[PDB]
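Asks: Next one to model:
(2 chains)
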Amino acid sequence: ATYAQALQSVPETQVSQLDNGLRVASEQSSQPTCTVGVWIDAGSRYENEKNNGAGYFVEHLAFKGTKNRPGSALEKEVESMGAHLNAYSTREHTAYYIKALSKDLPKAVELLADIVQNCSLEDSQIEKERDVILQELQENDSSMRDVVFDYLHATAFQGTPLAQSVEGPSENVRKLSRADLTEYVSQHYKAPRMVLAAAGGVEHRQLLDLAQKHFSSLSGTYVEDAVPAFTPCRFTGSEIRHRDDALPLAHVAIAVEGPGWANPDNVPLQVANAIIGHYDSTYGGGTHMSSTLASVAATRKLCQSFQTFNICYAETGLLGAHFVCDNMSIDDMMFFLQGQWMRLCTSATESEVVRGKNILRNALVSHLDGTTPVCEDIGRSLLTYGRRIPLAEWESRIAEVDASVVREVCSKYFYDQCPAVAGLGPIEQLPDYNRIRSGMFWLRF
Amino acid sequence: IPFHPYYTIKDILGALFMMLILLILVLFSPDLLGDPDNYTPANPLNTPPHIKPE
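Replies: Numbering: from 1, shown residues only, chains lettered A, B, ... in the order given. Provided below are the atomic coordinates:
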């Protein structure tokens, strides 16, 4: 059984749609466990300045209490069958998923319905929840990686809702109210933007019939008429520098405006990104890794944690790298990393493009291992794309991209485009924005 | 700040202004800053009316 035949097997993602709008989508293969969760489409993108941070607060208070399950009794149930309930809230999507045995599927969907529909939002829990977020804000302040990406979003998508952080400024969290959260739930937790998902020992008929008799109460209308629309964002190539010499290392992130979810250019660009690859000081590959920038970094002990990213929102995304090096390496690294991009924009070789395709294939396949990543893929794909992309289609797109395609797409997205650099800590060798934009084009070309 | 994208261009602009002044002087009045008496061949028998240096 070669690769292609295994890809064909690929149990399907049967998708349905009950009347109110909620679309169920399951993937049953053999496993006795399951990962059932909903994927409400909400986040910092659908949030104005006045209520920026409401979504994080709602996700905080979701598991605290419900009208049906009074208080921590919900936790008592969830731990009774050993389920691991969890929730994550990105800038675009906010999801709740339960990891539990398949036999306990009927109870899990009922628990999800209670959390996502009949949430108390009780005031005292709001007061107690307020302290947790504020402390969480300081913890994320110490999260020397996260603050850099927040700086990236703030300095790239200025003015637009995308610049807003997920947690929210530490002034809205100190002025929020039950009123503000209830509008967030009413205006965002609606059936059309809700993807019930499951993976494992979950019959699709089971998920459908459970959804009809638990989630049909979800409405599709929007209060009087107010429908939160989509506000397209603009990529303002800029620079933010939070110079703080006390910090040992100097996180730096540089990205340009990459494509949206629907744009097929994700497939080539990712390959190009896989060309640059990732490295950590504890890798062990050393000066033998095929990625040129990794080999240079390991040879000269330049960075510690450089890695590329492809953060991609609905209409626009960030495409670039984030490297963590000492104070007297940044000036060098901005030379090499940029020097790599231009190479991909001018002299990409099919020899390395094959390696990039293999790395992308392995990343896609390995990421889709285990029920929870499968459920995450289903919930995210039904929203971003509108359908779960089968691995066979991914294989076809990866087969299409070659050296010419990678060169063309990199030239179309990387070459001569203003970056969105964002520093932190003892960044002083970090070349001025004029220098960074200077590196964005090669005088040989 | 780094020198290259900055003052290098500003230095070039200053050099252009300097070229402007110099070219005006050369092309519109070459002997404006210079005594005409120098155009008489040096004769060590006649003291000029004035011996002002440059």
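
Asks: Which residue does chain B have closest to chain A?
Replies: residue B:5 (3.6 Å; C-beta to the nearest C-beta). In this view, the C-beta of every residue, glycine as well, is placed from N, C-alpha and C.

Asks: what's the lengthiest helix in chain A in contact with?
Replies: The longest helix of chain A (DSSP state H) is helix A:123-142. Here helix A:123-142 makes contact (C-beta atoms under 8 Å, 6 or more residues apart in numbering or on different chains) with A:53, A:56-57, A:60-61, A:64-65, A:146-147, A:167, A:170, A:173-174, A:176-178, A:181.

Asks: 10 Å instead?
Replies: A:53, A:56-58, A:60-61, A:64-65, A:71, A:121-122, A:143, A:146-147, A:150, A:165-170, A:173-178, A:181 (C-beta atoms under 10 Å, 6 or more residues apart in numbering or on different chains).

Asks: and that helix, how far out from the chain's middle?
Replies: Taking C-alpha atoms, centre = their mean, to the nearest Å, one finds helix A:123-142 lying 23 Å from the centre of the chain it belongs to.

Asks: tell me the SS of residue 19?
Replies: Using chain A. Using DSSP: H, G, I helix; E, B strand; the rest coil, the structure places residue A:19 in coil.

Asks: So it sits against residue A:217, correct?
Replies: No. The criterion here is C-beta atoms under 10 Å, and residue A:19 misses it with residue A:217 at 11.7 Å.

Asks: Mutual contacts of the two, please.
Replies: In contact with both residue A:19 and residue A:217: residue A:191, using C-beta under 10 Å, 6+ apart.

Asks: Would you mind giving the secondary structure of the residue nearest the centre of chain B?
Replies: By C-alpha atoms, centre = their mean, the mean C-alpha position of chain B lies nearest to residue B:22, the distance being 6.1 Å. Secondary structure assignment for residue B:22 (three-state DSSP): helix.

Asks: And the residue of the stretch 101-250 of chain A that's closest to chain B?
Replies: For the stretch 101-250 of chain A, C-beta to the nearest C-beta, closest residue to chain B: residue A:241, 12.5 Å.

Asks: Can you name the residues bridging to that residue?
Replies: Following DSSP bridges, residue A:241 is listed with bridge partners residue A:423.

Asks: for the spatially closest residue to the residue of chain B closest to chain A that is not a sequence neighbour, what are its contacts?
Replies: The shortest distance from residue B:5 to any non-neighbouring residue, by C-beta to C-beta, 6 or more residues apart in numbering or on different chains, is to residue A:434 (3.6 Å). Residue A:434 makes contact with A:239, B:1-2, B:4-6, B:9, according to C-beta under 10 Å, 6+ apart.

Asks: next one: phi and psi at the closest residue to residue A:145 other than its chain neighbours?
Replies: Nearest residue to residue A:145 in three dimensions, chain neighbours excluded: residue A:251, at 6.3 Å (C-beta to C-beta, 6+ apart). Backbone geometry at residue A:251, expressed as degrees, to the nearest 10, gives phi -60, psi 130.

Asks: Go through the longest helix of chain A and flag the buried ones.
Replies: Neighbour-count burial for helix A:123-142 flags A:126, A:129-130, A:133, A:137, A:140 (criterion: 16 or more other C-beta atoms under 10 Å in any protein chain shown).

Asks: who in the stretch 301-445 of chain A is up against chain B?
Replies: Residues of the stretch 301-445 of chain A that fall close to chain B, judged by C-beta under 10 Å from any C-beta of the partner chain: A:331, A:431-435, A:437-438.

Asks: Closest one of these to residue A:261?
Replies: residue A:437 (27.5 Å; C-beta to C-beta).

Asks: I'd guessed that closest one sits against residue B:5; true?
Replies: Yes. Counting by C-beta under 10 Å, residue A:437 does reach residue B:5; the two are 8.7 Å apart.

Asks: hey, what's in contact with both of these two?
Replies: Common neighbours of residue A:437 and residue B:5 (C-beta under 10 Å, 6+ apart) are residue A:431.

Asks: Can you classify the closest residue to chain B within chain A by secondary structure?
Replies: The nearest approach of chain A to chain B comes at residue A:434, 3.6 Å away (C-beta to the nearest C-beta). Per three-state DSSP, the secondary structure class of residue A:434 is helix.

Asks: rewinding a little: touching, the residue nearest to residue A:145 and residue A:321? I think so.
Replies: No. Counting by C-beta under 10 Å, residue A:251 stays clear of residue A:321, with 11.4 Å between them.

Asks: which parts of chain B sit against chain A?
Replies: Checking chain B against chain A by C-beta under 10 Å from any C-beta, the hits are B:1-2, B:4-6, B:9.

Asks: ok, 7 Å please
Replies: Chain B has residues B:1-2, B:5 near chain A, with proximity defined as C-beta under 7 Å from any C-beta of the partner chain.

Asks: Of these, which is the most crowded?
Replies: residue B:5 (15 neighbours; other C-beta atoms under 10 Å in any protein chain shown).

Asks: Test my guess that that residue contacts residue A:435.
Replies: Yes. Under the criterion of C-beta atoms under 7 Å, residue B:5 makes contact with residue A:435 at 6.4 Å.
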